[PDB]
Amino acid sequence: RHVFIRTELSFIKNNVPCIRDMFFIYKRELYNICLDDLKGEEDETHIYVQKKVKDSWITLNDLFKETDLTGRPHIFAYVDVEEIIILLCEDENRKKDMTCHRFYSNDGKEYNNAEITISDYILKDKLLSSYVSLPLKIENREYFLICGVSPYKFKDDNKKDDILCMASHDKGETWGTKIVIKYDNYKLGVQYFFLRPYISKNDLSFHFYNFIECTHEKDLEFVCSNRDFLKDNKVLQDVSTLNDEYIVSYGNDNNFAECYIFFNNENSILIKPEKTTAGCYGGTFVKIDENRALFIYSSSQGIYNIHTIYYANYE
Amino acid sequence: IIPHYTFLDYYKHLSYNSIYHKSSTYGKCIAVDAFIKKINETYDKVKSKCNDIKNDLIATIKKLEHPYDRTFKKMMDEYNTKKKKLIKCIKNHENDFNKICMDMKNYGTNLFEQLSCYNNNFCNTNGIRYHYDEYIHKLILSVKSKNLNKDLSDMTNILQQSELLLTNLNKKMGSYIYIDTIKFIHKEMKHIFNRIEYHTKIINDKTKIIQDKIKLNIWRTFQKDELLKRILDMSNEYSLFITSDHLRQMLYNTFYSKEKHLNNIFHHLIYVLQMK
C-alpha cells in the first residue's frame, strides 16, 4: 500500500567495453571492476578499478601488475567501508594445491598485495565465478565466505553437499571455517548453473540459474527456503531489498532486451534504453543504506546508465 | 555370438559334467581347460580379425568424442555402412566362427562319450556335485550375491535423470553437434540398458530356475538317461547363466566407464561455454 518510491536516472561513459563488471558502495563512492576477458595477441587480463567521478569511469588503479599470470581468474571482493580484500584464482584441471594471491587497500589506488597459498582447496568438483560479497556476522565475528556449489548430483543422497562455503575469520587471511548450506528443492537431473550469493542485512541469500531466500540453521549448517519470482518468460536476474522486502527486475526474453521493474505489485515504471539494438543485461541493484538504491546494467559497448532509487515509507 | 556363446559354454558343461563321473579324471581338466585356451585362441583371435578396423573403430569413437580437450548424419552414414562391414565381417569370417563353435560340438560331445556307469539304474553324483559345486556354485553365489534389481533401479534412474539433464540442458544448450553425439551415447546406453534389463530377468527367473533344478541333480541317482537329461538341461542353465553374466560384465565395464564418461560430459559443458 503505503510506499513512496522516488526513482531517477544518470549516465556514464567508458571508452572501451567491459562485459562482466562489479558494483558496490565504498564510502559512498561509485566504483567498478572492469573486465578484459581477452587472452589474445594485443590484450591480456586488464582489470581496471574505476570510479565514476561525475561523468564517466576513472580508473583508480589497475590489477594486472601484481598477479602476473594467475589466473583466469575468479574475483572476490568484500565490502568493508575501510578495506576491501581481493583474491584471484583461475579456472578448473588437476591441481588442488592452489597458490593464489591476496590484495589489500583502503583507497582505490594504493594497493598492498599479499602472497597467499590456498593449497588443496575444497572446491574441487565445485563451481564458482566472480561476484561481490559482504561481511556477515555470526555470533562471534563478521565473516567472509567462498561458496562452491555442486552443479549436478546423480542421487539426492544428502542436501548438505550442495553448496560448500569455505569461510574466513580474519578478513580473509586464514580460511579455517567451512559452512554447510541445505537446499531442499534439490531436483535431480537439473544441473543448477552459475550460483550468485548476495548478502542482505546479515542474512544469507543464494541465487542461480532459481531464487532461494536463505537462513541460519547451525554454526556451520544453514538452509534456504523456497520463494517464487517466476512468471511468463519473467526470469529473476537481480534483486535487492529495502526494509527487507524485495525489489524485482526481469529478464523478459532471451535477449535481455529491456528489463521490467514493478513497484512491489502496486505500480510500475519501465526501463527505456531507447526513446539501440542492445539490451538491459548486467543489472546491478546497488545497495546504499536502509532507504536509497541504484541500478546499472550493460547495454552496449562502453555505455552504462544509472537508475537511482530513493525509497522510504510514508505509512 | 550369443547362441554360439550358449553353445560353447553349454558343451563345456556337457564336457566336464560328463567327465567328472570318473573320479580318477581329476587331471583331465588340464586338457579341457587347455581346450578353453584353444577356443580363446581361435574364437577370440578370429573375432579380433574384425578388430583390425574395429579397434580402429574404437579409435573412431575417439575421433567422435572430442574435437579438442550435420556430419552427425553424414558420417553416421559411414558408421552404419561400415556396420554393414561389421556384420559383413562376421558374415565372412562366419566360416571360421561356425568351424570353432561346432568344433566345440565335436570335442564336447566326444567328451560326453567319456561318461559311463557301472549300472544304468543308478550312478554316481561325484560329477555334478564336484563340478557344479567346485566350478559353478560359487558363480551362482556371485550372481545370487548381487541385488541387480535395485541396481536396475539405479541404472533406470541413470536413464531417467540423464533424460532430465538431456531435457533441461538440451532445452538450454542445444547449439553445436555435441547434443547429437550425446544423444547417440544416451540411446546406446538405453539399448545396453535393455540388454542389462532382460538379462537381469534371466537372473531373477533363470537363477531361481537354477535354485529349483539344482535339487534334482547332485547327491542322488537316476535311471541313467534322466541323469544325462539333467547334464544337458543343467548345461543349458549354465550356458545362459555364464553367457548372461559375461555379457553383464562386458556391458558393466563399458557401462560405468561410460558413466564416468558422460558424467564428466555433464561436468564438461559449462566449463567451456561459461554460463551465465
# chains A, B, ... in the order shown; residues from 1 in each chain; ligands from 1
$ interface_residues --of "chain A" --to "chain B" --cutoff "7 Å" --atoms "only C-alpha atoms" --output "JSON list (two decimals) with N, CA, C and O atoms, in the first residue's frame"
[["chain", "number", "residue", "atom", "x", "y", "z"],
["A", 188, "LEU", "N", 16.88, -33.59, -8.90],
["A", 188, "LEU", "CA", 17.93, -34.33, -9.57],
["A", 188, "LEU", "C", 17.78, -34.24, -11.08],
["A", 188, "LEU", "O", 16.69, -33.99, -11.61],
["A", 189, "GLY", "N", 18.90, -34.42, -11.78],
["A", 189, "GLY", "CA", 18.92, -34.26, -13.22],
["A", 189, "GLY", "C", 18.71, -32.85, -13.71],
["A", 189, "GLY", "O", 18.54, -32.65, -14.91],
["A", 190, "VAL", "N", 18.72, -31.87, -12.82],
["A", 190, "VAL", "CA", 18.59, -30.47, -13.18],
["A", 190, "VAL", "C", 19.87, -29.81, -12.68],
["A", 190, "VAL", "O", 19.99, -29.47, -11.50],
["A", 191, "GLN", "N", 20.84, -29.65, -13.58],
["A", 191, "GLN", "CA", 22.16, -29.18, -13.18],
["A", 191, "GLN", "C", 22.12, -27.66, -13.03],
["A", 191, "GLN", "O", 22.05, -26.93, -14.02],
["A", 194, "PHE", "N", 25.61, -21.43, -12.24],
["A", 194, "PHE", "CA", 26.17, -20.09, -12.04],
["A", 194, "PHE", "C", 25.58, -19.41, -10.81],
["A", 194, "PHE", "O", 24.81, -18.45, -10.89]]
$ residues_around --residues "range 223-230 of chain B" --least-positions-apart "6" --cutoff "7 Å" --atoms "only C-alpha atoms" --output "list in words"
residues 120, 121, 122, 123 and 217 of chain B
$ select_by_dssp --residues "range 92-248 of chain B" --states "alpha helix (DSSP H)" --output "PyMOL selection string"
chain B and resi 92+94-112+127-128+134-135+137-144+148-170+178-213+224-248
$ residues_around --residues "residue 8 in chain B" --least-positions-apart "2" --cutoff "8 Å" --atoms "only C-alpha atoms" --output "ChimeraX atom specification"
/B:4-6,10-12,101,104-105,239
$ select_by_dssp --residues "range 256-311 of chain A" --states "strand (DSSP E)" --output "list in words"
residues 260, 261, 262, 268, 269, 270, 281, 282, 283, 284, 285, 286, 287, 292, 293, 294, 295, 296, 297, 298, 303, 304, 305, 306, 307, 308, 309, 310 and 311 of chain A
$ write_last_selection --atoms "C-alpha atoms" --output "CSV table (one decimal), in the first residue's frame"
chain,number,residue,atom,x,y,z
A,260,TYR,CA,10.9,-4.9,-16.3
A,261,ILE,CA,10.6,-3.4,-12.8
A,262,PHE,CA,7.4,-3.1,-10.7
A,268,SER,CA,5.1,0.1,-12.4
A,269,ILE,CA,7.6,2.1,-14.4
A,270,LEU,CA,9.6,1.0,-17.5
A,281,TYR,CA,21.9,-7.2,-19.2
A,282,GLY,CA,24.2,-6.9,-16.2
A,283,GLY,CA,21.7,-5.1,-14.0
A,284,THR,CA,23.1,-4.1,-10.6
A,285,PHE,CA,20.7,-3.2,-7.7
A,286,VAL,CA,23.4,-1.3,-5.8
A,287,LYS,CA,22.6,-1.0,-2.1
A,292,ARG,CA,18.3,4.5,-1.1
A,293,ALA,CA,19.5,2.4,-4.0
A,294,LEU,CA,20.9,2.5,-7.5
A,295,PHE,CA,20.7,0.5,-10.7
A,296,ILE,CA,23.3,0.0,-13.5
A,297,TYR,CA,23.2,-2.6,-16.3
A,298,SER,CA,25.3,-3.1,-19.5
A,303,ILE,CA,27.9,2.8,-22.1
A,304,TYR,CA,26.5,2.4,-18.6
A,305,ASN,CA,23.4,4.3,-17.5
A,306,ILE,CA,22.5,4.7,-13.8
A,307,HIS,CA,19.0,4.3,-12.4
A,308,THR,CA,18.9,5.9,-8.9
A,309,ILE,CA,16.4,5.0,-6.2
A,310,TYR,CA,15.1,6.9,-3.2
A,311,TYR,CA,12.6,4.9,-1.2
$ residues_around --residues "residue 255 in chain A" --least-positions-apart "3" --cutoff "9 Å" --atoms "only C-alpha atoms" --output "count of residues only"
7
$ residues_around --residues "residue 163 in chain A" --least-positions-apart "3" --cutoff "7 Å" --atoms "only C-alpha atoms" --output "list in words"
residues 147, 148, 149, 150, 180 and 181 of chain A
$ residues_around --residues "residue 85 in chain B" --least-positions-apart "4" --cutoff "12 Å" --atoms "only C-alpha atoms" --output "ChimeraX atom specification"
/B:50-51,53-54,57,78-81,89-93
$ residues_around --residues "range 214-222 of chain A" --least-positions-apart "2" --cutoff "12 Å" --atoms "only C-alpha atoms" --output "PDB file with N, CA, C and O atoms, in the first residue's frame"
ATOM      1  N   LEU A 136      29.297 -10.693   7.085  1.00  0.00           N
ATOM      2  CA  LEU A 136      28.123 -11.445   7.507  1.00  0.00           C
ATOM      3  C   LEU A 136      28.423 -11.939   8.914  1.00  0.00           C
ATOM      4  O   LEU A 136      29.316 -12.775   9.088  1.00  0.00           O
ATOM      5  N   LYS A 137      27.716 -11.424   9.914  1.00  0.00           N
ATOM      6  CA  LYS A 137      28.086 -11.732  11.285  1.00  0.00           C
ATOM      7  C   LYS A 137      27.301 -12.917  11.821  1.00  0.00           C
ATOM      8  O   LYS A 137      26.075 -12.857  11.955  1.00  0.00           O
ATOM      9  N   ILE A 138      28.025 -13.983  12.135  1.00  0.00           N
ATOM     10  CA  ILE A 138      27.578 -14.987  13.077  1.00  0.00           C
ATOM     11  C   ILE A 138      28.195 -14.596  14.417  1.00  0.00           C
ATOM     12  O   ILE A 138      29.251 -13.973  14.464  1.00  0.00           O
ATOM     13  N   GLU A 139      27.564 -15.043  15.509  1.00  0.00           N
ATOM     14  CA  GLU A 139      27.647 -14.542  16.885  1.00  0.00           C
ATOM     15  C   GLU A 139      29.012 -14.043  17.355  1.00  0.00           C
ATOM     16  O   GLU A 139      29.099 -13.067  18.103  1.00  0.00           O
ATOM     17  N   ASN A 140      30.082 -14.695  16.912  1.00  0.00           N
ATOM     18  CA  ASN A 140      31.420 -14.241  17.258  1.00  0.00           C
ATOM     19  C   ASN A 140      31.844 -13.032  16.432  1.00  0.00           C
ATOM     20  O   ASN A 140      32.070 -11.950  16.979  1.00  0.00           O
ATOM     21  N   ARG A 141      31.957 -13.198  15.118  1.00  0.00           N
ATOM     22  CA  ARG A 141      32.591 -12.204  14.265  1.00  0.00           C
ATOM     23  C   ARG A 141      31.769 -11.969  13.008  1.00  0.00           C
ATOM     24  O   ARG A 141      30.920 -12.766  12.635  1.00  0.00           O
ATOM     25  N   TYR A 143      31.954 -12.295   9.034  1.00  0.00           N
ATOM     26  CA  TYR A 143      32.659 -13.346   8.319  1.00  0.00           C
ATOM     27  C   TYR A 143      32.603 -13.139   6.811  1.00  0.00           C
ATOM     28  O   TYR A 143      31.686 -12.509   6.279  1.00  0.00           O
ATOM     29  N   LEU A 145      33.122 -15.383   3.064  1.00  0.00           N
ATOM     30  CA  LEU A 145      32.850 -16.750   2.631  1.00  0.00           C
ATOM     31  C   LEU A 145      33.172 -16.954   1.156  1.00  0.00           C
ATOM     32  O   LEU A 145      33.190 -16.010   0.363  1.00  0.00           O
ATOM     33  N   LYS A 159      21.263 -33.287   1.305  1.00  0.00           N
ATOM     34  CA  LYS A 159      21.084 -31.893   0.935  1.00  0.00           C
ATOM     35  C   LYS A 159      22.139 -30.991   1.555  1.00  0.00           C
ATOM     36  O   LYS A 159      22.017 -29.765   1.476  1.00  0.00           O
ATOM     37  N   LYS A 160      23.178 -31.572   2.151  1.00  0.00           N
ATOM     38  CA  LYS A 160      24.256 -30.812   2.760  1.00  0.00           C
ATOM     39  C   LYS A 160      25.410 -30.538   1.810  1.00  0.00           C
ATOM     40  O   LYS A 160      26.130 -29.553   2.001  1.00  0.00           O
ATOM     41  N   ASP A 161      25.600 -31.377   0.792  1.00  0.00           N
ATOM     42  CA  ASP A 161      26.745 -31.282  -0.103  1.00  0.00           C
ATOM     43  C   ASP A 161      26.435 -30.441  -1.341  1.00  0.00           C
ATOM     44  O   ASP A 161      27.112 -30.564  -2.366  1.00  0.00           O
ATOM     45  N   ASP A 162      25.416 -29.586  -1.270  1.00  0.00           N
ATOM     46  CA  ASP A 162      25.038 -28.791  -2.432  1.00  0.00           C
ATOM     47  C   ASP A 162      25.964 -27.591  -2.602  1.00  0.00           C
ATOM     48  O   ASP A 162      26.657 -27.464  -3.616  1.00  0.00           O
ATOM     49  N   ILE A 163      25.997 -26.702  -1.615  1.00  0.00           N
ATOM     50  CA  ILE A 163      26.828 -25.505  -1.654  1.00  0.00           C
ATOM     51  C   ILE A 163      27.847 -25.590  -0.529  1.00  0.00           C
ATOM     52  O   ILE A 163      27.477 -25.693   0.648  1.00  0.00           O
ATOM     53  N   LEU A 164      29.123 -25.531  -0.885  1.00  0.00           N
ATOM     54  CA  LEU A 164      30.206 -25.717   0.068  1.00  0.00           C
ATOM     55  C   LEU A 164      30.879 -24.375   0.303  1.00  0.00           C
ATOM     56  O   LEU A 164      31.564 -23.859  -0.585  1.00  0.00           O
ATOM     57  N   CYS A 165      30.698 -23.825   1.500  1.00  0.00           N
ATOM     58  CA  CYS A 165      31.122 -22.467   1.817  1.00  0.00           C
ATOM     59  C   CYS A 165      32.341 -22.504   2.726  1.00  0.00           C
ATOM     60  O   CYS A 165      32.206 -22.661   3.942  1.00  0.00           O
ATOM     61  N   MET A 166      33.527 -22.343   2.149  1.00  0.00           N
ATOM     62  CA  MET A 166      34.703 -22.103   2.968  1.00  0.00           C
ATOM     63  C   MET A 166      34.663 -20.668   3.467  1.00  0.00           C
ATOM     64  O   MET A 166      34.493 -19.734   2.678  1.00  0.00           O
ATOM     65  N   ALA A 167      34.811 -20.493   4.775  1.00  0.00           N
ATOM     66  CA  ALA A 167      34.694 -19.188   5.399  1.00  0.00           C
ATOM     67  C   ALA A 167      35.991 -18.806   6.094  1.00  0.00           C
ATOM     68  O   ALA A 167      36.776 -19.665   6.503  1.00  0.00           O
ATOM     69  N   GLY A 176      39.716 -20.886   7.899  1.00  0.00           N
ATOM     70  CA  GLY A 176      39.733 -22.092   8.694  1.00  0.00           C
ATOM     71  C   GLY A 176      38.334 -22.454   9.124  1.00  0.00           C
ATOM     72  O   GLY A 176      38.102 -22.875  10.259  1.00  0.00           O
ATOM     73  N   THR A 177      37.385 -22.271   8.213  1.00  0.00           N
ATOM     74  CA  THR A 177      35.979 -22.468   8.524  1.00  0.00           C
ATOM     75  C   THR A 177      35.268 -22.915   7.259  1.00  0.00           C
ATOM     76  O   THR A 177      35.449 -22.315   6.198  1.00  0.00           O
ATOM     77  N   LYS A 178      34.482 -23.976   7.372  1.00  0.00           N
ATOM     78  CA  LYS A 178      33.673 -24.473   6.273  1.00  0.00           C
ATOM     79  C   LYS A 178      32.211 -24.479   6.693  1.00  0.00           C
ATOM     80  O   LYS A 178      31.876 -24.922   7.795  1.00  0.00           O
ATOM     81  N   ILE A 179      31.341 -23.984   5.818  1.00  0.00           N
ATOM     82  CA  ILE A 179      29.946 -23.733   6.158  1.00  0.00           C
ATOM     83  C   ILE A 179      29.039 -24.498   5.206  1.00  0.00           C
ATOM     84  O   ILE A 179      29.244 -24.478   3.988  1.00  0.00           O
ATOM     85  N   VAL A 180      28.049 -25.183   5.769  1.00  0.00           N
ATOM     86  CA  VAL A 180      27.135 -26.039   5.028  1.00  0.00           C
ATOM     87  C   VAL A 180      25.845 -25.275   4.767  1.00  0.00           C
ATOM     88  O   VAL A 180      25.350 -24.550   5.639  1.00  0.00           O
ATOM     89  N   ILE A 181      25.311 -25.410   3.557  1.00  0.00           N
ATOM     90  CA  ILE A 181      24.009 -24.862   3.205  1.00  0.00           C
ATOM     91  C   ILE A 181      23.106 -26.031   2.846  1.00  0.00           C
ATOM     92  O   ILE A 181      23.530 -26.948   2.135  1.00  0.00           O
ATOM     93  N   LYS A 182      21.868 -26.009   3.330  1.00  0.00           N
ATOM     94  CA  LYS A 182      20.905 -27.037   2.963  1.00  0.00           C
ATOM     95  C   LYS A 182      19.926 -26.479   1.942  1.00  0.00           C
ATOM     96  O   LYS A 182      19.305 -25.437   2.172  1.00  0.00           O
ATOM     97  N   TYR A 183      19.798 -27.173   0.815  1.00  0.00           N
ATOM     98  CA  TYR A 183      18.889 -26.784  -0.253  1.00  0.00           C
ATOM     99  C   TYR A 183      17.845 -27.873  -0.425  1.00  0.00           C
ATOM    100  O   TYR A 183      18.168 -28.993  -0.832  1.00  0.00           O
ATOM    101  N   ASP A 184      16.593 -27.532  -0.126  1.00  0.00           N
ATOM    102  CA  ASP A 184      15.526 -28.512  -0.017  1.00  0.00           C
ATOM    103  C   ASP A 184      14.808 -28.779  -1.330  1.00  0.00           C
ATOM    104  O   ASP A 184      14.099 -29.785  -1.437  1.00  0.00           O
ATOM    105  N   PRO A 197      25.489 -15.839  -4.840  1.00  0.00           N
ATOM    106  CA  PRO A 197      25.101 -15.461  -3.473  1.00  0.00           C
ATOM    107  C   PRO A 197      25.373 -13.997  -3.183  1.00  0.00           C
ATOM    108  O   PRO A 197      26.526 -13.546  -3.170  1.00  0.00           O
ATOM    109  N   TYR A 198      24.312 -13.238  -2.940  1.00  0.00           N
ATOM    110  CA  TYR A 198      24.420 -11.864  -2.479  1.00  0.00           C
ATOM    111  C   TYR A 198      24.008 -11.816  -1.014  1.00  0.00           C
ATOM    112  O   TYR A 198      23.422 -12.771  -0.496  1.00  0.00           O
ATOM    113  N   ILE A 199      24.340 -10.722  -0.337  1.00  0.00           N
ATOM    114  CA  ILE A 199      24.121 -10.590   1.097  1.00  0.00           C
ATOM    115  C   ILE A 199      23.182  -9.421   1.352  1.00  0.00           C
ATOM    116  O   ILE A 199      23.367  -8.329   0.803  1.00  0.00           O
ATOM    117  N   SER A 200      22.161  -9.664   2.175  1.00  0.00           N
ATOM    118  CA  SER A 200      21.194  -8.645   2.562  1.00  0.00           C
ATOM    119  C   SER A 200      20.993  -8.695   4.071  1.00  0.00           C
ATOM    120  O   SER A 200      20.331  -9.607   4.578  1.00  0.00           O
ATOM    121  N   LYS A 201      21.582  -7.719   4.773  1.00  0.00           N
ATOM    122  CA  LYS A 201      21.263  -7.366   6.161  1.00  0.00           C
ATOM    123  C   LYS A 201      21.558  -8.523   7.125  1.00  0.00           C
ATOM    124  O   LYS A 201      20.678  -9.040   7.820  1.00  0.00           O
ATOM    125  N   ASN A 202      22.840  -8.922   7.130  1.00  0.00           N
ATOM    126  CA  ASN A 202      23.403 -10.003   7.960  1.00  0.00           C
ATOM    127  C   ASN A 202      22.613 -11.304   7.818  1.00  0.00           C
ATOM    128  O   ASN A 202      22.447 -12.066   8.773  1.00  0.00           O
ATOM    129  N   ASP A 203      22.115 -11.558   6.617  1.00  0.00           N
ATOM    130  CA  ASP A 203      21.349 -12.750   6.317  1.00  0.00           C
ATOM    131  C   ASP A 203      21.906 -13.367   5.046  1.00  0.00           C
ATOM    132  O   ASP A 203      22.699 -12.758   4.324  1.00  0.00           O
ATOM    133  N   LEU A 204      21.469 -14.582   4.763  1.00  0.00           N
ATOM    134  CA  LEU A 204      22.005 -15.360   3.666  1.00  0.00           C
ATOM    135  C   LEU A 204      21.008 -15.355   2.515  1.00  0.00           C
ATOM    136  O   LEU A 204      19.798 -15.277   2.729  1.00  0.00           O
ATOM    137  N   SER A 205      21.523 -15.415   1.290  1.00  0.00           N
ATOM    138  CA  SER A 205      20.659 -15.454   0.113  1.00  0.00           C
ATOM    139  C   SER A 205      21.444 -16.047  -1.040  1.00  0.00           C
ATOM    140  O   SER A 205      22.505 -15.529  -1.398  1.00  0.00           O
ATOM    141  N   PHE A 206      20.935 -17.129  -1.609  1.00  0.00           N
ATOM    142  CA  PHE A 206      21.531 -17.708  -2.799  1.00  0.00           C
ATOM    143  C   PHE A 206      20.626 -17.508  -4.004  1.00  0.00           C
ATOM    144  O   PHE A 206      19.400 -17.488  -3.891  1.00  0.00           O
ATOM    145  N   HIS A 207      21.249 -17.351  -5.167  1.00  0.00           N
ATOM    146  CA  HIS A 207      20.512 -17.208  -6.410  1.00  0.00           C
ATOM    147  C   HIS A 207      21.343 -17.799  -7.534  1.00  0.00           C
ATOM    148  O   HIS A 207      22.571 -17.723  -7.499  1.00  0.00           O
ATOM    149  N   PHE A 211      15.602 -18.556  -7.368  1.00  0.00           N
ATOM    150  CA  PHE A 211      15.796 -17.805  -6.143  1.00  0.00           C
ATOM    151  C   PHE A 211      15.544 -18.692  -4.941  1.00  0.00           C
ATOM    152  O   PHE A 211      14.576 -19.457  -4.911  1.00  0.00           O
ATOM    153  N   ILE A 212      16.411 -18.564  -3.944  1.00  0.00           N
ATOM    154  CA  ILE A 212      16.177 -19.130  -2.625  1.00  0.00           C
ATOM    155  C   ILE A 212      16.575 -18.104  -1.574  1.00  0.00           C
ATOM    156  O   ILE A 212      17.733 -17.675  -1.516  1.00  0.00           O
ATOM    157  N   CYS A 224      18.173 -22.899   2.982  1.00  0.00           N
ATOM    158  CA  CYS A 224      17.453 -21.989   2.110  1.00  0.00           C
ATOM    159  C   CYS A 224      16.028 -22.486   1.931  1.00  0.00           C
ATOM    160  O   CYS A 224      15.805 -23.657   1.612  1.00  0.00           O
ATOM    161  N   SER A 225      15.068 -21.595   2.136  1.00  0.00           N
ATOM    162  CA  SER A 225      13.674 -21.886   1.851  1.00  0.00           C
ATOM    163  C   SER A 225      13.328 -21.349   0.470  1.00  0.00           C
ATOM    164  O   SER A 225      14.022 -20.488  -0.077  1.00  0.00           O
ATOM    165  N   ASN A 226      12.250 -21.871  -0.097  1.00  0.00           N
ATOM    166  CA  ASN A 226      11.886 -21.515  -1.458  1.00  0.00           C
ATOM    167  C   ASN A 226      10.937 -20.320  -1.488  1.00  0.00           C
ATOM    168  O   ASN A 226      10.272 -19.990  -0.503  1.00  0.00           O
ATOM    169  N   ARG A 227      10.885 -19.680  -2.658  1.00  0.00           N
ATOM    170  CA  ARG A 227      10.180 -18.422  -2.874  1.00  0.00           C
ATOM    171  C   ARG A 227      10.056 -18.142  -4.367  1.00  0.00           C
ATOM    172  O   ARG A 227      11.042 -18.244  -5.103  1.00  0.00           O
TER     173      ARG A 227
END
$ closest_residue --among "B:198, B:174, B:261, B:209" --to "residue 248 in chain B" --atoms "only C-alpha atoms"
B:198
$ closest_residue --among "B:9, B:197, B:33, B:133" --to "residue 149 in chain B" --atoms "only C-alpha atoms"
B:197
